[PDB]
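J.: Chains as they are written, first to last, in PDB author numbering: chain E, 1 to 596; chain C, 2 to 73; chain D, 6 to 191; chain B, 6 to 192; chain A, 405 to 539.
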Amino acid sequence: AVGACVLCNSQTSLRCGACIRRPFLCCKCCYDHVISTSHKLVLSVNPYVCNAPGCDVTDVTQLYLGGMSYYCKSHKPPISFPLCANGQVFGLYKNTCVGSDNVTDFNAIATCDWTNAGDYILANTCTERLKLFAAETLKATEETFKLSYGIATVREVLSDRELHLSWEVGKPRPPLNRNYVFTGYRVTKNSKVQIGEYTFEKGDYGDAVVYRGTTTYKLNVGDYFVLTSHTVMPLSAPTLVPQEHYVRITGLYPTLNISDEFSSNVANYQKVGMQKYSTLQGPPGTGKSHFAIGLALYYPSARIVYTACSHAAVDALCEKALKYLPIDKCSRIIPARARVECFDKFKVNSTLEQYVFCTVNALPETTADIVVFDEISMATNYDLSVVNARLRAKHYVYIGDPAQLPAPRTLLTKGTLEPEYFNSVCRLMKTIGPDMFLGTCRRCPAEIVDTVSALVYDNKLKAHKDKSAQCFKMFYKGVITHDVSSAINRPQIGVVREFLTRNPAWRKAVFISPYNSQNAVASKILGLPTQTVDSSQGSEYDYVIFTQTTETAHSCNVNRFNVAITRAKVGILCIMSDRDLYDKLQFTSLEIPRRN
Amino acid sequence: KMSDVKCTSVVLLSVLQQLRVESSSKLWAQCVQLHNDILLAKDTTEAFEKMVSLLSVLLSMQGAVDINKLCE
Amino acid sequence: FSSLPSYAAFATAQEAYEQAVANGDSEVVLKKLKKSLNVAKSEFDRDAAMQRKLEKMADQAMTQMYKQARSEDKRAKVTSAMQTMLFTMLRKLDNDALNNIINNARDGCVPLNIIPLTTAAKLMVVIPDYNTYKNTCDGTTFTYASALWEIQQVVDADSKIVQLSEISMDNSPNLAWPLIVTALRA
Amino acid sequence: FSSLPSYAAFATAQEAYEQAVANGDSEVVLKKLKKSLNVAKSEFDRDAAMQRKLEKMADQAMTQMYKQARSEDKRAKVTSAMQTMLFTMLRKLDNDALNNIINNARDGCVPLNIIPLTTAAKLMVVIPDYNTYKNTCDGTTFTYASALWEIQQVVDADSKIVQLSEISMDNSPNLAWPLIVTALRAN
Amino acid sequence: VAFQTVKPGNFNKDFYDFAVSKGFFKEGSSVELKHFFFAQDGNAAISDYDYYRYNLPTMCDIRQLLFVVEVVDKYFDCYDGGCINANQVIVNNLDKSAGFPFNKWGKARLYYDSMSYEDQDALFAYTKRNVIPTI
RNA sequence: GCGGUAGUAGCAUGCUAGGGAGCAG
RNA sequence: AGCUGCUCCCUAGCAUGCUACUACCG
RNA sequence: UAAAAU
Ligand SMILES: [Zn+2]
Ligand SMILES: [Zn+2]
Ligand SMILES: [Zn+2]
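Written out as structure tokens, the structure reads:
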């Protein structure tokens, strides 16, 4: 049970059991972490407590090894050794470890609670191994916090799936979302017995709530539901394989003249094969995706794997691939999960096909020629190491836009992240240079392009295609019918009704919402299939509808707004109360009785 | 000196084994036959001929990242 | 053993008896110095022995745990250490014949079959690109494994026969580059 | 080794000893209080050593009965297993023709070698080389042991399927070449 | 049908390098490496077992045998043996493969245990009047 | 001051059991 | 994945034997 | 308060 010092990679057998994640520490490093922190309990091949029954002095600095065993100050044998001695702590290979100076920031990491960007701002700039450990303890703290939510029980049954529930008084109630699952226990006297997994969702009124179940069990009244926790595996792969070069392209083989529509990018195609990996920054989904598939085409015999974090993202990508590829294609995507449905084409598990698509967390453990991560502007270094561990290939390509939407990383609530610090490759792009770049829109109406380039961009884009049928009724925000703090505004649909009918052909559009529950209620007084701004970022549409909640910080987020409005091809419309943005948007707003 | 090439043959054959090469009877049989003959070979040069003849087999597949090991 | 507490008592009794037998005093006084020193040896060995046993347990535990560790250590790394030892022995062995093909393979000259030795017998190698060919394919004789092979049936990845004479740097950017060469020894 | 009638006698004798020794009184005091470490501990030698062996012997008895129990457990397990093996083995053979040839015996005992020869339902043949194959199960059906066998499903050393077409004279140096042929009893 | 192979032995390098360093194995030396761990492919078991083709039905001369057997017997006068009771046998190393198909359960100790000191005696006294084929 | 019965620790022998490894047929 | 045979090393345990000093009786 | 696991 030995290892390497998380700071010196020296041999040791210690773990600061007081620190959450139990990381290996060299001697000197351990001495310093313990001398400067409330962290005191050190674990070795055995725990370190006084073995005389009753003594619970667990501040290691007080303890003494006796004959073979450990002892307090009092119950110590006549002969012994003091453990915490001579600026070190006794452990295996004590006389070999080197020690170093990364202890300060180390304790800073181990002691923060991820509440202020500073501990982040350091999390993204420490050493790689340290970065790993940081991500580990971050996700662990997230999980532990998740436990803090309350418990739910049943109060009375209404239908097969209509029900009235009872919450814990004085406890945080988590939201109704497809990303939550509850183990159901009913108790006889005796017989606290699990009944199955059950998700939830708000019905048509309170507190009638729908639920999807694992089995057809009959419901009762002495039932209750616990949100099911989760574990977190430790990681060991670096975030970025050391960057390299070569003198000549290897591994991959171009064609000849096939598909000139992808012309200029061949230049990038060569240098991609010429490096170990590289990045590409591009405004929304323009050359992005387009270029990826083009390269894939370029080297035919090249086994290629696409992957991202957002399900809808990999879905839009796989359909764009279907648009041009032999089939001869699969998206080995989701086992017994897929609470939201996705791919419709091929298997989920053979790993024979050359062009395999999937989601990161559901990836196998396989090899390939190249691999193209996507939407790095949303992922965390955690996931990057995950993919570098599960997979192993020659040339990697990461793509995204540091002006898009990052990981929610809900835990932070004080300040804001500079995009530069979302994760490693984010820095890499923002720091030295994106190595390869693309600067033109092939997907969006020119007018919204003008608006955005006037905003978050520095007026640095161009494209084609202009009109029409665009507006920004600055319709005051009606009642925030917020079920949970997740926002809903029914009188916002109170004017969608006026475009639920006035719509001549705007009947096949997609609706987009800042919040999930206002999106669900849009599915209620239905107009069309809708989605969330996050679940966007991957597809374009001719018409798109947009209503907003209040001017809350989450709502008025410029980046969310940008990535939302940048999903349309010919028609668009967005409805905020809007004190300022409608001054920045360039359309033709109207008034409630003025809708043609 | 010849001891060197003999021990080398032994190590190499062990490697081939570790690579699950015995899942094809013809290949594994040729390999074992070569290795045996090496261990009984009593000249200096015929040894090398059979040696490279064998090593080719390892060269076949792509399980052993050659460049990495060639880090000297 | 020395610094033990009971050794203090044994030392006191021994020194007291030393002074007594030095003064050459009575016999009735040593009746203690015997019934007070025998006990010292008694109350003393019954503790030097007891720590001694633990002192052997410590050994016969450490000497076991060590090998138990390095055991599973060595059964973790075979398909890794083995290869590097192999290539170490290779480099030390030093035979131009080998080094040739080894470098060639670092490059790409992977043979798709066993190298034969019969004066007849066929050979199938792979070539990635032009210079490889130029550094190797010279006329119709092939120099591989420091041996001379007669070039007979070039074919590119489209599985179509290609004219040997056509192979040159100018028109080369038009060929299914993984070229499969076949030949025979001298 | 704490709550004993000898321990209490020890404690009270020692208490009286401390009392009359701090008194430092008579020589009879010394006598009656040395008859304490000398008479009140013989019981404390016996019952505080004998009782230490009672535990040892009881516990070794317990562990040996544990080992015997686990032993006889394994016995039951293995005998169940072999009984199952027997009962499942026979459940693949009772064709009436076996019974028939039994009834043809003048006694009911027949040599083992001829049972499967005549009564098996499936034959497997192992072939080394091509010429040899030609001189036996060449074609799609053949005869053997006065019966007619039909070929179906042919595998190789690597246990991969192969069709009869590939089995030429000159394609043969392309196969794991000691083939397994499984044929069926044709009527 | 199954085929078994025989993997090659594993090499101990540092000791070899040591032995070299102190001047062994130089060309023309008296002693050199001749014993090794030969490997075997898949047609080993059967192609070995076939060697029984060298076994022939031979009728040995009977009259002279009837006397050479006497002489051989005389060679064994100074010993003694006979049946022994089950509780008296000695089995050094109780863990060897248990033949077929008992290797489908465990080694010998399992069997030598699950039987009484009479099961062995009953069985022994049973063979003294009946025949038991084996595998 | 000796002899017999109780302790201690040590030493010697051996016997059993258990475990590791090598050689010969 | 065997039948033996010899040999070394480690460990436990039992008993003996022996030693002595500590306790009871003669 | 936004994604989302043999
Ligand atoms: Zn700590
Ligand atoms: Zn350290
Ligand atoms: Zn204590």
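Virtual Cβ for every residue (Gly too), placed ideally from N, Cα, C.
Hey, which residues come within less than 5 angstroms of ligand 1, measuring from Cβ to any heavy atom, in chain order?
T.: E:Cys16, E:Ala18, E:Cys19 and E:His39
J.: C:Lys51 touches chain B at which residues, Cβ-Cβ below 9 angstroms?
T.: Simply none; closest approach about 21 angstroms.
J.: Excluding the 5 residues flanking D:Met129 on each side, which residues of the same chain have their C-beta closer than 8 angstroms to its C-beta?
T.: Taken in chain order, the residues that qualify are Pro116, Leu117, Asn118, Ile185, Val186 and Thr187.
J.: Work out the CA separation of E:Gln354 and E:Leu322 for me, nearest whole Å.
T.: 14 angstroms
J.: Starting from D:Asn100, find everything on chain C with Cβ-Cβ shorter than 9 angstroms and list it in chain order.
T.: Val6, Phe49, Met52 and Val53
J.: Please indicate yes or no: does the CB of E:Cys50 lie closer than 6 angstroms to some heavy atom of ligand 3?
T.: Answer for E:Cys50: yes, Cβ within range of ligand 3.
J.: Helix, strand or coil for E:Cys358, going by three-state DSSP, please let me know.
T.: strand
J.: In three-state DSSP terms, what is E:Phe511?
T.: Strand at E:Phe511.
J.: Which runs of the alpha helix (DSSP H) spanning at least 4 residues fall entirely within the segment 2–55 of chain C, listed in chain order?
T.: 3–19 and 26–41
J.: Where in the segment 115–151 of chain E do unbroken runs of the alpha helix (DSSP H), each at least 4 residues long, occur, reported from the N-terminal end onward?
T.: 117–123 and 128–146
J.: Extract the residue ranges of the beta strand (DSSP E) inside the segment 128–152 of chain B, only unbroken runs of 3 or more that lie entirely within it.
T.: 146–149
J.: What would DSSP say about B:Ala25, mapped onto helix, strand or coil?
T.: In the structure shown, B:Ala25 adopts helical secondary structure according to DSSP, grouped into three states.
J.: My output table needs one value for E:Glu197: the three-state DSSP class, helix, strand or coil.
T.: strand
J.: From this set, E:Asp580, E:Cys574 and E:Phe81, which residue's C-alpha is nearest E:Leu590's C-alpha?
T.: E:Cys574
J.: Could you say which of E:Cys72, E:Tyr48 and E:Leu65 lies nearest to E:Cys55 if we only look at CA atoms?
T.: E:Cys72
J.: Just reading off the beta strand (DSSP E) that D:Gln158 is part of, what are its end residues?
T.: No beta strand (DSSP E) contains D:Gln158, which DSSP labels as neither H nor E.
J.: Per the DSSP calculation, E:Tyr71 is bridged to which residue(s)?
T.: E:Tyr64
J.: For chain A, is any of its Cβ atoms less than 7 angstroms away from the one on B:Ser76?
T.: yes
J.: Please state if the CB of E:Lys139 and the CB of E:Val6 are separated by a distance shorter than 7 angstroms.
T.: For E:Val6 and E:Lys139, no; Cβs fall outside 7 angstroms.
J.: Between the Cα of C:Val66 and the Cα atoms of D:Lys40, D:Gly113 and D:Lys58, which residue gives the shortest distance?
T.: D:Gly113
J.: Starting from the beta carbon of A:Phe407, find every residue of chain B whose beta carbon is closer than 8 angstroms, and list them in chain order.
T.: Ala162
J.: As a quick exercise: from E:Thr566, E:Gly273 and E:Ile121, pick the residue whose alpha carbon is nearest that of E:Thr250.
T.: E:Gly273
J.: Does A:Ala448 get closer than 7 angstroms to chain C when you measure Cβ to Cβ?
T.: no
J.: With hydrogens ignored, establish whether the beta-carbon of E:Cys55 is closer than 6 angstroms to any heavy atom of ligand 3.
T.: Shortest gap from the CB of E:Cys55 to any heavy atom of ligand 3: under 6 angstroms.
J.: Listing by chain order, which chain B residues have their CB less than 7 angstroms from the CB of C:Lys27?
T.: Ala181
J.: Kindly identify the DSSP beta-bridge partner or partners of B:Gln168.
T.: Paired residues: none, contrary to the question.
J.: Measuring straight from C-alpha to C-alpha, what distance separates E:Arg579 and E:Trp114?
T.: 33 angstroms
J.: Using the Cα positions of E:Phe587 and E:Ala505, report the straight-line distance between them to the nearest angstrom.
T.: 19 angstroms
J.: Would a check of beta-carbon distances place A:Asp445 closer than 7 angstroms to chain C?
T.: yes
J.: Report back the beta-carbon spacing between E:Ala403 and E:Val456 to the nearest angstrom; my notes put them in contact at under 8 angstroms.
T.: 5 angstroms
J.: Looking at ligand 3, does it come within less than 6 angstroms of E:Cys84, judged from the CB to the closest heavy atom?
T.: Every heavy atom of ligand 3 is 6 angstroms or more from the Cβ of E:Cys84, so no.
J.: How far does the alpha helix (DSSP H) with E:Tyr382 in it reach, from first residue to last?
T.: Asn381 to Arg390
J.: If you run the structure through DSSP and keep just helix, strand and coil, what is E:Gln470?
T.: In the structure shown, E:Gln470 adopts extended strand secondary structure according to DSSP, grouped into three states.
J.: Identify the continuous alpha helix (DSSP H) that holds E:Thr279 and give its terminal residues.
T.: For E:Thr279, no alpha helix (DSSP H) segment is defined; the enclosing uninterrupted segment is the beta strand (DSSP E) at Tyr277 to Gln281.
J.: Taking C-alpha atoms, which residue in E:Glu375, E:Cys19, E:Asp534 and E:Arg409 lies nearest to E:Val397?
T.: E:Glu375
J.: Got a sec: is the Cβ-Cβ distance from A:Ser425 to anything in chain B below 7 angstroms?
T.: no
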